[PDB]
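Have a look at the structure below, then the notes.
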Amino acid sequence: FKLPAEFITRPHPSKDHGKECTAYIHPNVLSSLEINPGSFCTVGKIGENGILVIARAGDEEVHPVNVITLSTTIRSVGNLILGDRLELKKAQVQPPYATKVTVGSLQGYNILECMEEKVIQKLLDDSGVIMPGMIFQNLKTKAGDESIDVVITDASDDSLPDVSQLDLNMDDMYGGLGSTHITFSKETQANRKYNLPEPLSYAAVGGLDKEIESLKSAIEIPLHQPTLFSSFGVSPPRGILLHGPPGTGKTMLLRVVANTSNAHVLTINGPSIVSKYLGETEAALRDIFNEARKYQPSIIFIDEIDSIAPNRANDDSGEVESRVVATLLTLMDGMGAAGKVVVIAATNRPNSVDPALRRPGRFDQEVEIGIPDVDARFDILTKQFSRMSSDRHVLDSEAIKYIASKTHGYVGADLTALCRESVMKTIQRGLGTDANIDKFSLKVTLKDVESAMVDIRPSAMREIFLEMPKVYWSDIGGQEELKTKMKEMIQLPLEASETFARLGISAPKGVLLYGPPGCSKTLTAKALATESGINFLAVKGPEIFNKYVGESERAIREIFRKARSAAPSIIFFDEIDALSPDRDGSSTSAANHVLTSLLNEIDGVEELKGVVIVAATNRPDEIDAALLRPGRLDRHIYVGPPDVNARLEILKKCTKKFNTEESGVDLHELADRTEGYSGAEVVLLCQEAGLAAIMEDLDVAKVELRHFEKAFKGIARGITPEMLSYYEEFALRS
Amino acid sequence: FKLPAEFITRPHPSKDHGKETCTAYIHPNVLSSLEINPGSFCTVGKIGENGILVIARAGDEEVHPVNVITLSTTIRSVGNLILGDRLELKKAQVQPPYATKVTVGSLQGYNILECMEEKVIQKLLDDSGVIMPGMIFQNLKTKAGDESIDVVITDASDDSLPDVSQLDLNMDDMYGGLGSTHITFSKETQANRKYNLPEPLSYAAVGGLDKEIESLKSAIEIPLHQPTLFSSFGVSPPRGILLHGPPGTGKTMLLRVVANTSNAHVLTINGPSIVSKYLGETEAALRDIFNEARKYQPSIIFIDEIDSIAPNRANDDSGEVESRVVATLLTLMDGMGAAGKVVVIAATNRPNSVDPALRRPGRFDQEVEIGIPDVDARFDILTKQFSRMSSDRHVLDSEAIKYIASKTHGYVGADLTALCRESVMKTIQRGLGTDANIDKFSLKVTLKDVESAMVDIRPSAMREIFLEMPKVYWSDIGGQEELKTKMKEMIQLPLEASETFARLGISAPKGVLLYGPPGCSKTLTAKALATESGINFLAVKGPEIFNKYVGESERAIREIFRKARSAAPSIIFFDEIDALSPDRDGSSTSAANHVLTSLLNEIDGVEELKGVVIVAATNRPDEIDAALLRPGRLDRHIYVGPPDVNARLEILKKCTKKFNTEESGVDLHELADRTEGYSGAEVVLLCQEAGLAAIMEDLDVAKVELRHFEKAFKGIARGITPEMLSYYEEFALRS
Ligand SMILES: Nc1ncnc2c1ncn2[C@@H]1O[C@H](COP(=O)(O)OP(=O)(O)OP(=O)(O)O)[C@@H](O)[C@H]1O
Ligand SMILES: Nc1ncnc2c1ncn2[C@@H]1O[C@H](COP(=O)(O)OP(=O)(O)OP(=O)(O)O)[C@@H](O)[C@H]1O
């Protein structure tokens, strides 16, 4: 009458060897399945088309019905999660026979021979020899200690029913305390014809480091050393929040911490727990939390927190609402005194979630994962080539650097899709052209990867912070004094915060950039961000503007919080002369409110010493008098049009592709003639000259002086001395 | 106590001979439960379409599971039994009376099989349970001449008392070793239409979409026929195929086409029919269906109308069935096996209708888009449909087909079938009304009925964002070669200079501006570029993009830009920029300013679009903000002023082609010289009104006189003033 429907796994205690197929099952469950205890058992493991045949035994009536024993060896073989949902069914037909069985000798160079001493008997002592191959701990093997394990992936036995997946094998050996035609062979990875499930490993995870070690420490302190942390009495945290842009790495991290942990875990299925009646949901959450704190080793996983816990202030949806948030808060407030419980919550956007009450008291650990930079993307591509192995492709390292540099706005989720699409379109190209040629010779090249990155069309370009392409000082066309000025401005806070703490002077934290719209106002920010090596946030003027009232204020507050969380860094605004005006040009009250809020955040009733505020403007009249006050944005840079040296450097950089000797230009007369232009204007004139050189006979190895003269006469400067005089007058009065 | 309810099909293995028509591998327990003699005929009704296709039954060797049955690939293909359908078995019927004629058909062949025949009659009619509605047999080996030959046995002249049986199985009585009823070799046509049996759909049924069908083929039978090919890489084979497009195109038609052309196991669903009041019941049903599908290694699952069961989840919510089913589907499709050989096919109406969460590049990277057909595809589909009706039903020449294709602009395959049906019914009605029940073959298909058909069809696809602008040849193009050379160079530089630009780094200007008089040379320029370019053209009108809802134009232009980017290097055109441009002067709403900022950031902000080329044609250029009027974007400027004497003369001689020049007596030069201040549209209007003035005298005229031309010329005025031309010249000089 018990009617058991759901089952969960549990580690086998006391270690040792035992059955090595324990299957401690309550006698009531034994009678419920209408199968004698002296027979095999099957685990449904809900889905995945995975059925296992394993010998079954009985428990001592103390073992609870809810949890079952399956042995860590079988759990590792079948990738059974320590906490996944399981079922029970009737046993299937016995396997026919086993033929070869061969050791694998993973995570090592193999070549043991002498210290082997008939491992076959110990490996096959258990009746549960399986096709995927059992995994055993080192235990004790003569001298040398160390850890060695072998797997039985490869064999030559076939079973008629294709429904059965693990298709266990039996043993029949002669000995005390020789298989069939030897068994020791192979030293490579697992068999690929059977394609054993190998989802992840720590060797694979390398994209993020500064976050992965931080979160590893955060999750290991409450569990591995609970008494040491609880001795102080500050209580152990029970909440970890993971957030980031879509496509980043959070699901791999939760899967890794689930797989690498031999302790019990609790993973929910998402919004499926929501039912028509709230009573069923309440009972389910009560039961899962009871299972959680009943056993000391337990980890709780929550995914899609926003869907489970919608914001209360955003909308009054009803039904599933903040009541479940309150009941879970009461649950995690008092599970025990010290305990060992860690909860991982990964959400796409904390804004959708309600952080109004979460941040103050229930948790104080922040985990932020951003889009990979050049180094992280390069590392991910390198690891991709690593587990792809060179037996299937060849590509040089500088090609890897080129691909990493080209891929800037891509997300971590995009690279695997790029690899898969490259593989499929390369093989379809081979089928179309070479007419079913061997795939080994075709392998992977560079042109297919280039086509894939051209035609992928990523959708992750839209984001709150713009990661501008990295440029070095070579691309900067300017003067040495300006470079020294920005070097001083970016070096004073980071290298003098400790000095200012004792001095009590801090820094102005304000830089204003005004000048011609030609150049030296946007690319210089990228160059300084690249050279400093600090986090850089770039947002445009109209980009933050929104039709809804207060959306711009919310975005500004969010970016300010991100800058605060991202350590002392520099924040830059691309275009300020559209939001700055309040009286010169007509505007709505939202602009005035935003201006007041940003002024208060900069220099009102609080001081943001860590961050540095730098802004660029095109017309100085739009800046309000309140913002244009001493103590805020006091520093001003003329940053006028590039001089002869800067224009000459830009021309030399742009002429690198062409041949200067063949052209015959001295690179000085052109610079002298081109005196009233700007860096962007110089680039446009160079492009026009190249076009005028290439319409003659398509590709050209050099550009003639006639093309340069035609380009120069075709395009006008478009700049008047009146604006320069106005800028000089503004500079003089300031 | 087994209580069998449902059965499914599976191809007969081991080849051999066996029964080859009446295998019927069913467990003896099922036969005993039905109280039916195993040595007798079996009747499986497959739910619906009565006739039950009576077939003789036999027994298995106790290794055939009850849930699956066999009825031979020949009968499966003839009776439209797709591999993986629903089969329902019931009690046997009465014995067949007799077979009378049976006649071969020689499908997909020229017949004349007497040389390699070698008594085909024995090999066909010796097998038990031969049924008239069709036998298909593999070539095997018939002496020399190899190749493959097949026959059609559908036609017969036998009548059965019960009309319910549409398959009317008949017995056989042969006399030979290793003679019919008065020979059997006759005719060369297709199966008789009076049987009205369903016919399989092949790749000849589809046309005009060769690249899309070839790509989706390659993509669908690279996994299935070569699982080891994808297993070798180890990066797992993708299982995401998305069918999205306007309704009535035929992606679902092609879905059943590729289902029929593949002999592997397939599955079909009704969509929201699985949804029930119990979530657990639906989960159990779907998991059981998926387990049955994955029980056999070769299997295909088809999903149709996914938006109902896959909410976007980006906005609002609902209840009962929600994104939980999407999550469980994702979990089950992420873990059937590392390599596997089972793919998932999904069909949807709108790209945003399907769940964006379901759209993951890791698993759903392949997407195929089926747009509305162009003139070439419309001509191809009309031609193949006309060949399907064949020359006996109608006699239509290629000129009529191309005229109909040119006339049809927004029509789709569903519209084509609708107009075909409308023409048929209009012809029937006209014949009944006038000829008083005359023979229907004599009236056949004409032009008047089809004309009334697309006059009265009223298609519902007129309102759309994707417009296939009609193309015109270079003969109708009237202008000067000065602008023609410039536009040709601009549209030819990227296509054969992309690599040169990539090496040099210059890339492309990507900016073209066309400002001129409102008369002509804008729509004509768009037609000429769309014709000569040979690349997909997207036409967006000025007032069309404007909508009452705030932000409609925002993601409208976002979607059109995404489509242009993802549709290979192409060209994008905007009809009227002078309406969206005015913000400060026109005191437009904030939506227009937001759209302008968005497009300005899209064209040349924080990204580069080298593949696509932007061409802009506007009437009033003073409303464009100075931010857009910047070097590096839309820098190229074309005067494209009023047509000169040459273009006007060409237009006049084109319009005079309908009339007779010799009878008129005009030299085609004095009229052009007199009409100098007009424009192409003005010249066309003048020609039309001159023709009208010539025809109100005595109705139809074979020529137009000079007096009528003078009357038309002096009746109206050019309407063009020198001050606007001077202002345009001043703007050109200052820009
Ligand atoms: N560091 C990485 N290296 C390689 N591939 C990665 C990496 N990070 C993410 N991916 C790719 O992105 C896919 C999805 O990533 P993942 O599921 O971890 O993202 P998530 O942000 O947690 O998910 P969601 O979008 O549901 O919030 C992975 O299956 C993999 O293909
Ligand atoms: N390539 C084609 N070959 C033959 N018939 C076609 C073709 N394309 C469309 N049709 C015709 O279109 C008609 C209706 O097509 P249907 O509405 O099923 O198109 P679909 O785009 O696949 O469907 P939907 O978008 O509604 O799911 C049918 O009569 C069919 O014969």
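Chain labels run A, B, ... following the order of the structure tokens; each chain numbers its residues from 1, and ligands are numbered from 1 in the order shown.
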Test item: residues lying within 7 Å of ligand 2 with only C-alpha atoms and all ligand atoms, as a PyMOL selection string: chain B and resi 205-207+245-254+347+349+381+413-414+417
Contacts with ligand 1 at most 6 Å, only C-alpha atoms and all ligand atoms counted, listed as a PyMOL selection string: (chain A and resi 207+246-252+348+380+412-413+416) or (chain B and resi 362)
Could you list, as a PDB file with N, CA, C and O atoms, in the first residue's frame, the residues of chain B having an atom within 6 Å of chain A when counting only C-alpha atoms?
```pdb
ATOM      1  N   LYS B 295      13.187   4.249 -29.987  1.00  0.00           N
ATOM      2  CA  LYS B 295      13.377   2.803 -29.919  1.00  0.00           C
ATOM      3  C   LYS B 295      14.082   2.288 -31.166  1.00  0.00           C
ATOM      4  O   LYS B 295      14.979   1.442 -31.079  1.00  0.00           O
ATOM      5  N   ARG B 324       7.387  25.511 -19.093  1.00  0.00           N
ATOM      6  CA  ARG B 324       7.848  24.264 -18.493  1.00  0.00           C
ATOM      7  C   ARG B 324       7.950  23.155 -19.535  1.00  0.00           C
ATOM      8  O   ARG B 324       8.890  22.351 -19.510  1.00  0.00           O
ATOM      9  N   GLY B 335      19.788  15.172 -24.458  1.00  0.00           N
ATOM     10  CA  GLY B 335      20.367  13.983 -23.862  1.00  0.00           C
ATOM     11  C   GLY B 335      19.950  12.625 -24.396  1.00  0.00           C
ATOM     12  O   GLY B 335      20.092  11.631 -23.678  1.00  0.00           O
ATOM     13  N   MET B 336      19.433  12.541 -25.628  1.00  0.00           N
ATOM     14  CA  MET B 336      19.070  11.222 -26.145  1.00  0.00           C
ATOM     15  C   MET B 336      20.304  10.367 -26.401  1.00  0.00           C
ATOM     16  O   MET B 336      20.226   9.134 -26.349  1.00  0.00           O
ATOM     17  N   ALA B 338      25.009  10.872 -27.308  1.00  0.00           N
ATOM     18  CA  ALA B 338      26.095  11.761 -27.708  1.00  0.00           C
ATOM     19  C   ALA B 338      26.101  11.984 -29.215  1.00  0.00           C
ATOM     20  O   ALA B 338      26.115  13.129 -29.682  1.00  0.00           O
ATOM     21  N   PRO B 361      21.704  28.832 -30.575  1.00  0.00           N
ATOM     22  CA  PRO B 361      22.690  28.498 -31.615  1.00  0.00           C
ATOM     23  C   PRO B 361      23.401  27.178 -31.379  1.00  0.00           C
ATOM     24  O   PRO B 361      23.886  26.573 -32.343  1.00  0.00           O
ATOM     25  N   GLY B 362      23.487  26.715 -30.131  1.00  0.00           N
ATOM     26  CA  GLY B 362      24.122  25.436 -29.866  1.00  0.00           C
ATOM     27  C   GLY B 362      23.374  24.257 -30.454  1.00  0.00           C
ATOM     28  O   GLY B 362      23.994  23.282 -30.891  1.00  0.00           O
ATOM     29  N   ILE B 506      40.215  49.528 -47.380  1.00  0.00           N
ATOM     30  CA  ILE B 506      39.337  50.636 -47.742  1.00  0.00           C
ATOM     31  C   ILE B 506      37.874  50.274 -47.514  1.00  0.00           C
ATOM     32  O   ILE B 506      37.068  51.134 -47.137  1.00  0.00           O
TER      33      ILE B 506
END
```
I need the residues of stretch 463-697 of chain A that end up classed as strand (DSSP E or B) by DSSP on the backbone, written out as a PDB file with N, CA and C atoms, in the first residue's frame.
```
ATOM      1  N   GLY A 510      37.643  64.447 -12.464  1.00  0.00           N
ATOM      2  CA  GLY A 510      36.890  65.052 -13.543  1.00  0.00           C
ATOM      3  C   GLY A 510      37.751  65.498 -14.705  1.00  0.00           C
ATOM      4  N   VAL A 511      37.467  64.976 -15.896  1.00  0.00           N
ATOM      5  CA  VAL A 511      38.176  65.341 -17.116  1.00  0.00           C
ATOM      6  C   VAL A 511      37.144  65.659 -18.189  1.00  0.00           C
ATOM      7  N   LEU A 512      37.289  66.816 -18.828  1.00  0.00           N
ATOM      8  CA  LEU A 512      36.392  67.251 -19.888  1.00  0.00           C
ATOM      9  C   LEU A 512      37.181  67.362 -21.184  1.00  0.00           C
ATOM     10  N   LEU A 513      36.639  66.791 -22.258  1.00  0.00           N
ATOM     11  CA  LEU A 513      37.285  66.785 -23.566  1.00  0.00           C
ATOM     12  C   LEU A 513      36.415  67.565 -24.543  1.00  0.00           C
ATOM     13  N   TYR A 514      36.941  68.679 -25.045  1.00  0.00           N
ATOM     14  CA  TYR A 514      36.256  69.506 -26.029  1.00  0.00           C
ATOM     15  C   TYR A 514      37.204  69.770 -27.188  1.00  0.00           C
ATOM     16  N   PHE A 536      36.646  49.089 -18.671  1.00  0.00           N
ATOM     17  CA  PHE A 536      36.191  50.303 -19.335  1.00  0.00           C
ATOM     18  C   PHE A 536      34.725  50.156 -19.708  1.00  0.00           C
ATOM     19  N   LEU A 537      33.927  51.164 -19.370  1.00  0.00           N
ATOM     20  CA  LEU A 537      32.509  51.202 -19.703  1.00  0.00           C
ATOM     21  C   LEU A 537      32.267  52.356 -20.666  1.00  0.00           C
ATOM     22  N   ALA A 538      31.690  52.049 -21.826  1.00  0.00           N
ATOM     23  CA  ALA A 538      31.409  53.042 -22.855  1.00  0.00           C
ATOM     24  C   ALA A 538      29.922  53.014 -23.174  1.00  0.00           C
ATOM     25  N   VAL A 539      29.258  54.153 -22.994  1.00  0.00           N
ATOM     26  CA  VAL A 539      27.845  54.309 -23.316  1.00  0.00           C
ATOM     27  C   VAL A 539      27.667  55.598 -24.106  1.00  0.00           C
ATOM     28  N   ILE A 570      37.682  53.706 -14.669  1.00  0.00           N
ATOM     29  CA  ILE A 570      37.346  54.943 -15.363  1.00  0.00           C
ATOM     30  C   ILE A 570      36.053  54.728 -16.138  1.00  0.00           C
ATOM     31  N   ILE A 571      35.167  55.719 -16.091  1.00  0.00           N
ATOM     32  CA  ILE A 571      33.903  55.697 -16.819  1.00  0.00           C
ATOM     33  C   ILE A 571      33.896  56.868 -17.791  1.00  0.00           C
ATOM     34  N   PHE A 572      33.438  56.617 -19.016  1.00  0.00           N
ATOM     35  CA  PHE A 572      33.473  57.608 -20.081  1.00  0.00           C
ATOM     36  C   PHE A 572      32.113  57.696 -20.757  1.00  0.00           C
ATOM     37  N   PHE A 573      31.712  58.917 -21.101  1.00  0.00           N
ATOM     38  CA  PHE A 573      30.478  59.172 -21.830  1.00  0.00           C
ATOM     39  C   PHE A 573      30.830  59.696 -23.215  1.00  0.00           C
ATOM     40  N   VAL A 612      36.701  57.281 -11.863  1.00  0.00           N
ATOM     41  CA  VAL A 612      37.150  58.525 -12.477  1.00  0.00           C
ATOM     42  C   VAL A 612      36.190  58.865 -13.607  1.00  0.00           C
ATOM     43  N   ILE A 613      35.687  60.095 -13.605  1.00  0.00           N
ATOM     44  CA  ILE A 613      34.695  60.543 -14.576  1.00  0.00           C
ATOM     45  C   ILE A 613      35.403  61.341 -15.662  1.00  0.00           C
ATOM     46  N   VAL A 614      35.284  60.879 -16.904  1.00  0.00           N
ATOM     47  CA  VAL A 614      35.813  61.578 -18.068  1.00  0.00           C
ATOM     48  C   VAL A 614      34.704  61.680 -19.107  1.00  0.00           C
ATOM     49  N   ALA A 615      34.573  62.856 -19.717  1.00  0.00           N
ATOM     50  CA  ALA A 615      33.521  63.101 -20.691  1.00  0.00           C
ATOM     51  C   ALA A 615      34.095  63.824 -21.899  1.00  0.00           C
ATOM     52  N   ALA A 616      33.453  63.620 -23.046  1.00  0.00           N
ATOM     53  CA  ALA A 616      33.822  64.277 -24.292  1.00  0.00           C
ATOM     54  C   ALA A 616      32.619  65.029 -24.841  1.00  0.00           C
ATOM     55  N   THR A 617      32.858  66.251 -25.314  1.00  0.00           N
ATOM     56  CA  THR A 617      31.795  67.095 -25.837  1.00  0.00           C
ATOM     57  C   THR A 617      32.248  67.730 -27.143  1.00  0.00           C
ATOM     58  N   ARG A 629      31.338  73.663 -12.699  1.00  0.00           N
ATOM     59  CA  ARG A 629      31.728  74.277 -11.443  1.00  0.00           C
ATOM     60  C   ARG A 629      33.086  73.742 -11.017  1.00  0.00           C
ATOM     61  N   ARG A 632      34.472  69.808  -9.987  1.00  0.00           N
ATOM     62  CA  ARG A 632      33.910  68.742 -10.810  1.00  0.00           C
ATOM     63  C   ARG A 632      34.229  69.041 -12.265  1.00  0.00           C
ATOM     64  N   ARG A 635      39.457  69.726 -14.884  1.00  0.00           N
ATOM     65  CA  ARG A 635      40.477  69.550 -15.908  1.00  0.00           C
ATOM     66  C   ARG A 635      39.871  69.682 -17.300  1.00  0.00           C
ATOM     67  N   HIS A 636      40.575  70.400 -18.172  1.00  0.00           N
ATOM     68  CA  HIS A 636      40.136  70.610 -19.544  1.00  0.00           C
ATOM     69  C   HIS A 636      41.310  70.398 -20.485  1.00  0.00           C
ATOM     70  N   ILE A 637      41.044  69.749 -21.615  1.00  0.00           N
ATOM     71  CA  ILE A 637      42.049  69.477 -22.634  1.00  0.00           C
ATOM     72  C   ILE A 637      41.601  70.134 -23.932  1.00  0.00           C
TER      73      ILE A 637
END
```
Which residues are near stretch 144-151 of chain B? Cut-off 7 Å, only C-alpha atoms, ignore same chain within fewer than 6 positions. Put them as a tab-separated table (two decimals) with C-alpha atoms, in the first residue's frame.
```tsv
chain	number	residue	atom	x	y	z
B	104	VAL	CA	0.50	-2.22	-67.16
B	105	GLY	CA	1.22	1.50	-67.14
B	106	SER	CA	5.01	1.84	-67.52
B	107	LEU	CA	5.58	4.64	-65.03
B	136	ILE	CA	5.62	-1.27	-58.02
B	137	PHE	CA	8.51	-3.70	-58.36
B	138	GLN	CA	12.26	-3.18	-58.26
```
DSSP helix (DSSP H, G or I) residues within stretch 325-562 of chain B, listed as an MDAnalysis selection string: chainID B and resid 325:333 375:393 398:407 413:434 440:443 447:456 474:476 481:492 498:504 523:533 542:545 552:562
Spatial neighbours of residue A:218, 12 Å, only C-alpha atoms, chain gap at least 5 places, as number ranges by chain: A: 211-213, 223-226, 229, 236-241, 341-344, 363-367
Gap from atom CA of residue B:279 to atom CA of residue B:323 - Å, one decimal: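 Interatomic distance, atom CA of residue B:279 to atom CA of residue B:323: 12.2 Å.
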Close residues, stretch 224-241 of chain B itself excluded, 6 Å, only C-alpha atoms, min 4 positions apart in chain, as a PyMOL selection string: chain B and resi 339+341+343-346+363-364+366-367
Residue selection dump (C-alpha atoms) as a short mmCIF file (atom, residue, chain, number, x, y, z; two decimals), in the first residue's frame:
```cif
data_model
loop_
_atom_site.label_atom_id
_atom_site.label_comp_id
_atom_site.auth_asym_id
_atom_site.auth_seq_id
_atom_site.Cartn_x
_atom_site.Cartn_y
_atom_site.Cartn_z
CA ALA B 339 26.07 11.01 -31.45
CA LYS B 341 20.89 9.60 -35.67
CA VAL B 343 16.84 14.92 -35.80
CA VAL B 344 14.04 17.32 -34.87
CA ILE B 345 12.05 19.32 -37.44
CA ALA B 346 10.02 22.34 -36.30
CA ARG B 363 21.22 23.22 -30.95
CA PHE B 364 19.09 25.25 -33.40
CA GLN B 366 20.37 25.80 -38.88
CA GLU B 367 17.52 28.08 -39.95
#
```
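For residue B:75, the non-local neighbours within 8 Å, defined as residues at least 3 positions apart in the same chain or in other chains and counting only C-alpha atoms, are residues 21, 71, 72, 78, 79, 81, 134 and 135 of chain B.
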With C-alpha atoms retained, export the selected residues as an mmCIF file, in the first residue's frame.
```cif
data_model
loop_
_atom_site.group_PDB
_atom_site.id
_atom_site.type_symbol
_atom_site.label_atom_id
_atom_site.label_comp_id
_atom_site.auth_asym_id
_atom_site.auth_seq_id
_atom_site.Cartn_x
_atom_site.Cartn_y
_atom_site.Cartn_z
ATOM 1 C CA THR B 21 2.739 -8.456 -50.714
ATOM 2 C CA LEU B 71 2.479 -4.467 -44.680
ATOM 3 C CA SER B 72 5.278 -4.332 -47.318
ATOM 4 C CA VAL B 78 0.965 2.750 -53.171
ATOM 5 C CA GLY B 79 -1.552 3.407 -50.387
ATOM 6 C CA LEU B 81 1.251 4.656 -45.927
ATOM 7 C CA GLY B 134 -0.959 -0.315 -57.924
ATOM 8 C CA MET B 135 2.062 -2.612 -58.019
#
```
Gap from atom CA of residue B:166 to atom CA of residue B:99 - Å, one decimal: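 According to the coordinates, atom CA of residue B:166 and atom CA of residue B:99 are separated by 15.2 Å.
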Show me, as a PDB file with N, CA, C and O atoms, in the first residue's frame, the residues that have an atom within 8 Å of stretch 171-175 of chain A when counting only C-alpha atoms, minus same-chain residues fewer than 4 positions from it.
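Generated output (around_5.pdb):
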```pdb
ATOM      1  N   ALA A  98      30.081 -11.874 -22.735  1.00  0.00           N
ATOM      2  CA  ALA A  98      31.125 -10.886 -22.960  1.00  0.00           C
ATOM      3  C   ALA A  98      32.306 -11.555 -23.649  1.00  0.00           C
ATOM      4  O   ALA A  98      32.584 -12.737 -23.423  1.00  0.00           O
ATOM      5  N   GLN A 121      41.440  -9.644 -11.347  1.00  0.00           N
ATOM      6  CA  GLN A 121      40.622 -10.288 -10.324  1.00  0.00           C
ATOM      7  C   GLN A 121      39.857  -9.258  -9.500  1.00  0.00           C
ATOM      8  O   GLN A 121      38.658  -9.418  -9.243  1.00  0.00           O
ATOM      9  N   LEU A 124      37.080  -7.556 -11.720  1.00  0.00           N
ATOM     10  CA  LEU A 124      35.965  -8.421 -12.076  1.00  0.00           C
ATOM     11  C   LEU A 124      35.403  -9.189 -10.886  1.00  0.00           C
ATOM     12  O   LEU A 124      34.572 -10.082 -11.078  1.00  0.00           O
ATOM     13  N   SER A 127      30.120  -8.575  -9.824  1.00  0.00           N
ATOM     14  CA  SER A 127      29.387  -9.118 -10.960  1.00  0.00           C
ATOM     15  C   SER A 127      28.896  -8.042 -11.919  1.00  0.00           C
ATOM     16  O   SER A 127      28.413  -8.380 -13.006  1.00  0.00           O
ATOM     17  N   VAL A 129      30.152  -5.948 -14.167  1.00  0.00           N
ATOM     18  CA  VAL A 129      31.068  -5.455 -15.190  1.00  0.00           C
ATOM     19  C   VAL A 129      30.247  -4.919 -16.356  1.00  0.00           C
ATOM     20  O   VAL A 129      29.411  -5.631 -16.925  1.00  0.00           O
ATOM     21  N   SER A 179      40.884 -14.265 -18.667  1.00  0.00           N
ATOM     22  CA  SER A 179      39.992 -13.585 -19.623  1.00  0.00           C
ATOM     23  C   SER A 179      39.977 -14.416 -20.912  1.00  0.00           C
ATOM     24  O   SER A 179      40.053 -15.651 -20.850  1.00  0.00           O
TER      25      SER A 179
END
```
Straight-line distance linking atom CA of residue A:422 with atom CA of residue B:561, stated in Å to one decimal: 23.9 Å
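Across A:351, A:264, A:378, A:482, the tightest approach to residue A:82 is made by A:264 when counting only C-alpha atoms.
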